[PDB]
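Worksheet: the structure to be examined is printed underneath.
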2 protein chains.
Amino acid sequence: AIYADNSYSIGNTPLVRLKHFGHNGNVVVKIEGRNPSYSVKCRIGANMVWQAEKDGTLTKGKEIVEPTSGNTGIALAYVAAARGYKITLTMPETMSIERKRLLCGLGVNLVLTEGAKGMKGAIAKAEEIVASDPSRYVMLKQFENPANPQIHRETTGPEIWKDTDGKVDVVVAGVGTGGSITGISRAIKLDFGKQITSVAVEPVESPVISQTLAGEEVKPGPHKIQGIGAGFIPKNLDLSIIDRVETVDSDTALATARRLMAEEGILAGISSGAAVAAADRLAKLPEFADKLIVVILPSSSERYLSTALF
Amino acid sequence: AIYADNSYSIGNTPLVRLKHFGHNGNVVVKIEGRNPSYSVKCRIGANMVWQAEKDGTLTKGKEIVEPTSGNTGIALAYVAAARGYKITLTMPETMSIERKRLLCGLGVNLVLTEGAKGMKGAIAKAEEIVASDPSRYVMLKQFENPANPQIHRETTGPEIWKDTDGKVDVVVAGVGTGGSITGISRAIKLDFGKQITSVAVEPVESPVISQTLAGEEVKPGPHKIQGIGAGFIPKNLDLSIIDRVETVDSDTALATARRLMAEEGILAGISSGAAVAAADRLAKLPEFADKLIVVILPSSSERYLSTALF
């Protein structure tokens with residue numbers, strides 16, 4: 001069991017039962033912080049690169065270009081270093097010094113865009129760089145790349161099946177790309193044939209999945225629950241497998257993350273608090289009393305030291 | 001496989017083969033960053049508490065008091081929160097705001113000592129608090145507590161045996177408490193009967209193990225390789241099982257940690273770079289050419305963002 005590089009070490013993350021949430025230990029958490037670059041995204045960083053290699057879109061000498069400095073950026077940086085690809089990440093010039101230093105540390109070619117242009121500016125610039133030499137540059141496209149949910153179908157979902165001996169009844173996950181909830185859900189429902197309840201979590205400030213499914217006007221808004229609430233329905237969110245949508249507000253998500261730290265001794269990120277708050281709400285409905293609820297905690301706390309968490 | 005609290009989730013950390021160090025892949029690293037609170041110390045935080053419980057020194061209502069804010073402090077904070085103990089950590093008032101916020105986040109009662117007094121002040125204060133109500137307060141004493149090396153004999157060492165199918169020939173580890181090298185060494189040499197080479201790593205700036213074994217004057221010095229080089233021989237360093245001592249300087253340790261990041265896509269801490277630099281030196285001696293060298297990387301990189309690493 002020696003990994004040939006750090007990309008292959010993804011996953012096998014542990015399940016920890018919560019003591020101060022749910023009812024008689026019905027809430028259980030999957031610690032995705034225990035990963036090569038400390039987020040759930042390492043699984044997709046790995047698989048998107050592996051997949052582009054197998055299909056010939058990524059070859060020796062080609063360079064990766066992605067508009068991200070979040071978990072996905074960090075994940076692709078580590079994979080690119082592990083597997084010997086150059087990588088450029090585009091991002092607004094107003095990003096954190098810590099994040100700059102971290103990505104630069106991982107050997108990323110950092111391309112800062114105009115502050116004023118925000119995400120839009122960074123995405124446009126990524127596309128511009130690719131356009132300039134399409135045979136040289138490859139954008140992996142986390143929101144739409146099927147390799148994203150597929151890795152969760154092959155690893156994250158079977159890990160949950162196995163660690164629960166098939167007893168999982170409910171999976172609760174925040175939605176960014178939708179990869180986690182989609183892949184996990186397909187694994188449990190389709191590969192293992194169990195009719196669980198799949199619960200998507202989104203910010204009440206930007207409840208676009210809830211609005212969409214209700215046939216209402218889609219109205220995104222700002223929130224502080226980083227990693228989720230992208231403000232649109234991503235292609236990697238298979239709405240067909242979603243049974244339920246829970247909205248959580250930023251303050252509750254933050255307070256819940258602090259509670260996980262101080263009461264459970266679990267170092268999770270803001271989105272982890274959002275996911276647990278939703279799971280805790282379900283866990284205290286009588287309908288979920290005898291049900292084992294498994295919650296994805298996407299990231300670890302030291303990543304949020306600069307933020308409102310602390 | 002559901003842990004009853006986060007203390008039980010320790011270990012099972014992965015081995016990753018290095019591409020840009022050693023010779024024909026003879027250097028392999030154990031990623032101790034993949035742990036509940038992101039260091040090797042979580043194993044001892046867990047076991048010292050478990051052991052004090054089993055021997056009746058830690059009971060419901062008693063409070064932990066330790067002079068540490070490093071990895072051990074963070075480790076005990078998470079265990080104390082997971083298992084429902086109050087904890088006070090003493091530390092110089094000049095410690096980092098990040099570290100203050102992190103420990104405070106974990107629900108620690110932080111006791112700041114006089115800047116001028118440094119470590120000495122914090123240790124004295126810990127002892128003072130314990131003295132004031134010895135039936136209330138318990139100090140676990142990482143430098144001398146046998147539960148420290150014992151956890152490494154029971155988990156870390158057998159993990160290395162198993163992941164290498166008994167092929168490990170050399171274990172390289174930096175020494176702080178000496179727990180890692182001691183426990184691992186006892187496991188492999190005594191429990192599994194293989195005559196490996198155990199290599200302690202210390203800073204050339206404070207080479208007290210080298211001085212001691214040579215019968216020379218012991219002369220500690222400041223260095224930046226955090227986690228090692230305590231400036232004395234700790235009781236939990238079993239010198240009997242040490243075959244070799246490698247000294248590494250701070251700059252090389254730092255540059256080596258940056259190389260691990262940028263060339264291997266491994267997010268390790270300063271002491272991880274020190275340990276790899278020593279292993280790389282051994283790995284390029286012909287005597288170690290056909291030998292599998294396993295190196296402990298104690299911590300992950302985001303813990304060193306404020307530091308000289310970045």
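The figures that follow rest on heavy atoms only: side chains count, while hydrogens, waters and symmetry mates do not. Chain identifiers are assigned alphabetically (A, B, ...) following the order of the sequence lines, protein sequences preceding nucleic acid strands; residue numbering begins at 1 within each chain.
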Do you know which of [options] has the most heavy-atom pairs under 4.5 Å to chain B?
options                               : result
A/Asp5, A/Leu18, A/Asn6, A/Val29      : A/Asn6
A/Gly84, A/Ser9, A/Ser306, A/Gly25    : A/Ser9
A/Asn12, A/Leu102, A/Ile74, A/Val28   : A/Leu102
A/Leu106, A/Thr164, A/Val79, A/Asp165 : A/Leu106
A/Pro14, A/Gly105, A/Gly107           : A/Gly105

Check whether B/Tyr3 forms a cation-pi arrangement with A/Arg17 (NZ or CZ under 6.0 Å from the six-membered ring centre, at most 45° off the ring normal). no
Winner by heavy-atom pair count (cut-off under 4.5 Å) against chain A, out of B/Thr13, B/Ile97, B/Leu260, B/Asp163: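 Going by pairs under 4.5 Å, I would pick B/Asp163.
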Heavy atoms only, distances under 4.5 angstrom: which of B/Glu98, B/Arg101, B/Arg83, B/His20 has the most pairs with chain A? Name it, please.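 With the most close heavy-atom pairs to chain A, the winner is B/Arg101.
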May I ask you to decide whether B/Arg43 forms a salt bridge with B/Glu32, counting only side-chain N to carboxylate O separations under 4.0 Å?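 A salt bridge is present here (some side-chain N lies under 4.0 Å from a carboxylate O).
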If the plane angle is over 60° it's perpendicular, under 30° parallel, otherwise tilted; pick one for B/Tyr38 and A/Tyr38.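 B/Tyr38 and A/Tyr38: perpendicular rings.
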Is a donor on one side and an acceptor on the other found under 3.5 Å between the side chain of B/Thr197 and the backbone of B/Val170? no
Distance (rounded to the nearest 0.5 Å) between B/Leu305 CG and B/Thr307 OG1: 7.5 Å
Heavy atoms only: give me the nearest A/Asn71-A/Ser299 pair and the separation to one decimal.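 Closest pair (atom of A/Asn71, atom of A/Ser299, distance): ND2-CB, 4.0 Å.
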Please look at B/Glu264 and chain A and tell me whether the side chain, the backbone, both or neither of the residue comes under 4.5 angstrom of a heavy atom of that chain.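 For B/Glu264, the backbone is the part near chain A, not the side chain.
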